[PDB]
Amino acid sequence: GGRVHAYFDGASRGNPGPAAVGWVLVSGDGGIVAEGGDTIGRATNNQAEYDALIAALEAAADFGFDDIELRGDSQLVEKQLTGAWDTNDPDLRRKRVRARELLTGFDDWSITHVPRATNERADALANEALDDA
């Protein structure tokens, strides 16, 4: 039940290097129902941006929302998730199947690109977690 706006952001210091995720669940009246930031060990930028998506989707599914609007600032995640792009990388293929599995739990979904400054919350959660690694 209900709609959520789920922001996500990855942070990584190498290819791969220490990485973290951040995510924010917002309602329509604009309350932050839940948010998170965590270190994830070593990962690339693109892995972290994907892991933050999955962490946002898991949190929204835990909260039982039925309609999710994803908001992030990674082109690569958006274009792969929507099927515009495909990748040979078997690890990012697996993260997409995982994200799509999660998405199947919602009655509706969408994804929208926001500039990073608009995504400042999730970005601060991921970076503050990574700055403490």
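So that there is no doubt, residue numbering starts at 1 and follows the sequence shown.
Between 24 to 32 and 37 to 45, it is 24 to 32 that carries the larger average Cα temperature factor according to the deposited entry. Taking the mean C-alpha B-factor of each stretch as recorded, 76 to 84 and 92 to 100 are not equal, and the higher mean is that of 92 to 100.
The entry lists a Cα temperature factor for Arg121 that places it in the lowest third of the chain's modelled residues.
Ranked against the other modelled residues of its chain, the C-alpha B-factor of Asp62 as given in the entry falls in the highest third. Ranked against the other modelled residues of its chain, the C-alpha B-factor of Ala133 as given in the entry falls in the highest third.
Sort the modelled residues of the chain by CA B factor and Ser110 lands in the lowest third.
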